[PDB]
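Here's the structure, in structure tokens; my notes come after.
Basis for what follows: all heavy atoms, side chains included, without hydrogens, waters or symmetry-related copies. Order of listing sets the numbers, starting from 1, for every ligand and every atom in it. Residue indices begin at 1 and follow the sequence shown.
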Amino acid sequence: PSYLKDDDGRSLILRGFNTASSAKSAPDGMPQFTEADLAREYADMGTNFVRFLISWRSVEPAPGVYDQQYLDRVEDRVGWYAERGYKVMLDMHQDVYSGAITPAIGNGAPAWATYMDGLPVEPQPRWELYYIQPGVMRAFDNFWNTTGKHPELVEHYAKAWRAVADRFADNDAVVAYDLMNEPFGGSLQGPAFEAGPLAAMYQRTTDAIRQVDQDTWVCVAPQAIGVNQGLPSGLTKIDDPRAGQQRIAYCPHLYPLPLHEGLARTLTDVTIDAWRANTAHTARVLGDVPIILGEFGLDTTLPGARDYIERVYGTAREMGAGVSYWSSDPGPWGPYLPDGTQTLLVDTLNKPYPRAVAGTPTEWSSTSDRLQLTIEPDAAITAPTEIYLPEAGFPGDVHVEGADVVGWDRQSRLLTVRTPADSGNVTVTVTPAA
Ligand SMILES: OC[C@H]1CNC[C@@H](O)[C@@H]1O[C@@H]1O[C@H](CO)[C@@H](O)[C@H](O)[C@H]1O
Ligand code: NA
Ligand code: NA
């Protein structure tokens, strides 16, 4: 597998949340999430990544007019993450195109960019079914210019992304731009969509971003419907005009149909197998690119939920993938219920992991009181390998075999170690001091 790198050349293992669905409907575009909430997340789970939801409607409230005050607010939040050593992926998020689909249900595009052409959007028994209503299908068909009536819309979208990239190009905490949440093709579905207008929008948007930001990873998603459930994607390779190596990453989601017991469990387990095979294939098509599992999640109160979550994280580990869990929002899917009580997720996610590796991690494992990591060396890297150790299992000092301890910060929970680069692959084992 391939990895995103920090400025020191270290390979990043990214673990965090989507923050947050509450931003979708907020008039000011910000999630209901405070700096104290982040402090709690970090204290409880030691996360190092966030998929932070932004919106086209907040970036470009009128055609060609970008809201710099909104971008100030995003920058403020990014600062909270920066101060705690997080890396940030900005997600241009939408569901069902826009809030403007009913006079709320959807989110994303500004009202001026929403053209339903008078076609109906009647109430449906679940929100996903709004996607196939005449007015919503038309809004998407207009956006992709399948109708031929709105070539300007993708151009606006690309330049809205350029405005965001212009603000964040020099932001050391931002590592990735997730160009579009869960692309939906309207009347176009499958390869005709993914290899057609979807790939074309990604290329235009990448090109626009690269006018102002040469180094941030541009992350592209397949269409969500079908591919979320383990079907193959027809997405094609996107060119990165940056000087040097390509910085495109693949950001699919995973949402098995049965969602964890009985035949449902078997169906979900083979879905993971199919999803892995397909994800690996498309990551190759895109140029042997890094993978970020941009979303997966479920009601943690469902029997078998822990086994599912642990299998997904194990699969992500084997694939060298980052993970942003859906989501930090309060409720049974998230790490905390509305009153602040921890769900199953906290103890499940709160495990040792390597955050930034001085070399390519070839394999690793962890339990509550042990981490083992094998590193393919890179002599050019002078920064230490950085590892998270939970206080639960590591209440005092560390015992490290296979590396020299550089520092052990018992407050931030960051262990830094140094390994030789001229002795082949190195295995580092970390356990609690006696
Ligand atoms: O259904 C869970 C997520 C699937 N991937 C896209 C995410 O936006 C979804 O989050 C849900 O979105 C819905 C529409 O905005 C919203 O009503 C729910 O509260 C979200 O959990
Ligand atoms: Na409109
Ligand atoms: Na950056």
Side-chain angles (χ1 to χ4, degrees), residues 4-7 12 17-26 31-32 51 53 55 57 61-63 75 78 81-82 86-119 121 124 126-131 135-136 138-139 142-143 149-150 153 164-178 180-184 209 212-218 221 223-225 227-229 247 251-256 259 293-299 324-334:
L4 285 78
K5 316 292 189 65
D6 64 18
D7 281 341
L12 296 169
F17 289 92
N18 282 261
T19 293
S21 199
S22 61
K24 294 166 172 180
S25 64
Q32 296 176 35
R51 180 166 183 253
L53 277 68
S55 54
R57 59 97 181 178
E75 190 172 29
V78 170
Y81 285 102
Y86 283 75
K87 299 305 187 193
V88 174
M89 182 165 73
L90 295 177
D91 154 28
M92 192 76 77
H93 201 95
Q94 68 81 31
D95 304 87
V96 203
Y97 197 76
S98 178
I101 64 175
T102 62
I105 307 301
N107 68 92
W112 64 258
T114 303
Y115 295 97
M116 302 194 287
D117 301 343
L119 290 165
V121 182
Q124 301 303 317
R126 60 187 299 173
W127 71 267
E128 294 96 329
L129 289 170
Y130 283 87
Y131 269 116
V136 177
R138 177 60 66 80
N142 278 323
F143 176 82
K149 300 199 298 186
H150 293 281
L153 286 175
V164 176
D166 199 19
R167 176 61 75 94
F168 290 99
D170 298 329
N171 196 307
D172 291 304
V174 176
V175 194
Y177 299 136
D178 185 351
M180 176 172 282
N181 180 65
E182 296 190 346
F184 180 74
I209 285 170
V212 300
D213 183 338
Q214 284 278 297
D215 298 333
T216 303
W217 265 261
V218 172
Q223 78 169 53
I225 190 57
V227 187
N228 275 9
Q229 291 78 29
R247 290 191 176 183
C251 278
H253 299 175
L254 173 57
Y255 283 111
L259 302 169
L293 174 54
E295 291 188 33
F296 94 100
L298 78 175
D299 179 346
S324 41
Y325 184 95
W326 185 268
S327 66
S328 64
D329 295 86
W333 281 50

(request) Can you sort out the partners of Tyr81 under side-chain hydrogen bond (donor to acceptor under 3.5 Å, both in side chains), two or more places apart, ordered by chain and number? (result) none
(message) Tell me if a side-chain donor or acceptor on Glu128 pairs with a main-chain N or O of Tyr130 at a distance below 3.5 Å.
(response) no
(message) Under 4.0 Å from a heavy atom of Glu182: which atoms of ligand 1 are those, numbered in the order shown and with their elements?
(response) 4 (C), 5 (N), 6 (C)
(request) Distance to 0.1 Å, residue and atom name: give those for the protein heavy atom nearest to atom 15 (O) of ligand 1. (result) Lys24 NZ, 2.9 Å
(message) Considering non-hydrogen atoms of the protein only, which is the closest contact for atom 13 (C) of ligand 1, and what is the distance?
(response) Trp127 CE2, 3.5 Å
(request) Quick one: closest heavy-atom pair of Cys251 and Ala221, and the distance? (result) O-CB, 3.7 Å
(request) Kindly give the heavy-atom pair with the smallest separation between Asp215 and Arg247, and that separation in Å. (result) O-NH1, 2.9 Å
(request) For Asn107, take its heavy atoms, then give the atoms of ligand 1 lying under 4.0 Å from any of them. (result) 15 (O)
(message) Under 4.0 Å, heavy-atom basis, I'd like to know which part of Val96 is in contact with ligand 1: side chain, backbone, both or neither.
(response) neither
(request) Count up the protein N, O or S atoms sitting under 3.0 Å from the Na ion (ligand 2), would you? (result) 2
(message) Treating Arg51 as the side-chain partner and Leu293 as the backbone partner, does any N or O pair qualify as donor plus acceptor under 3.5 Å?
(response) no
(request) Answer yes if the ring centres of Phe296 and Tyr325 are under 6.0 angstrom apart, and no otherwise. (result) yes
(message) If we ignore hydrogens and angles and just use 3.5 Å, is the side chain of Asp95 paired with the main-chain N or O of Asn107 as donor and acceptor?
(response) no
(message) Among all protein heavy atoms in this structure, tell me which lies nearest to atom 18 (C) of ligand 1, with the distance rounded to 0.1 Å.
(response) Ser21 OG, 4.3 Å
(request) Kindly give the heavy-atom pair with the smallest separation between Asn18 and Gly294, and that separation in Å. (result) ND2-O, 3.0 Å
(message) I'd like to know if the side chain of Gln124 and the backbone of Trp127 have a donor-acceptor N/O pair within less than 3.5 Å.
(response) no
(request) For side-chain hydrogen bond (donor to acceptor under 3.5 Å, both in side chains), just list the numbers for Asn228 and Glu182, CA-CA rounded to whole Å, side-chain angles, deciding distance to a tenth of an Å, and then say yes or no. (result) CA-CA 9 Å; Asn228 275 9; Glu182 296 190 346; 3.2 Å; yes
(message) Tell me if a side-chain donor or acceptor on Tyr177 pairs with a main-chain N or O of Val218 at a distance below 3.5 Å.
(response) no
(message) Any side-chain to backbone donor/acceptor pair from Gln94 onto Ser55? Under 3.5 Å, distance only.
(response) no
(message) For atom 2 (C) of ligand 1, what's the nearest protein heavy-atom neighbour? Residue, atom name and distance, please.
(response) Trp326 NE1, 3.7 Å
(request) Just need the protein heavy atom nearest to atom 7 (C) of ligand 1, so name the residue and atom and give the distance. (result) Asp95 OD2, 3.5 Å
(message) Which residues pass the side-chain hydrogen bond (donor to acceptor under 3.5 Å, both in side chains) test with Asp166, not counting sequence neighbours?
(response) none
(message) Around atom CD of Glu75, are there more than 12 heavy atoms from other residues, nucleotides or ligands closer than 6.0 Å?
(response) yes
(request) Identify, for atom 4 (C) of ligand 1, the protein heavy atom at the shortest distance, and state residue, atom and that distance. (result) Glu295 OE1, 3.5 Å
(request) Sum up the protein N, O or S atoms located under 3.0 Å from the Na ion (ligand 3). (result) 2
(message) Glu128 versus ligand 1: do any nitrogen or oxygen atoms come within less than 3.5 Å of each other?
(response) no
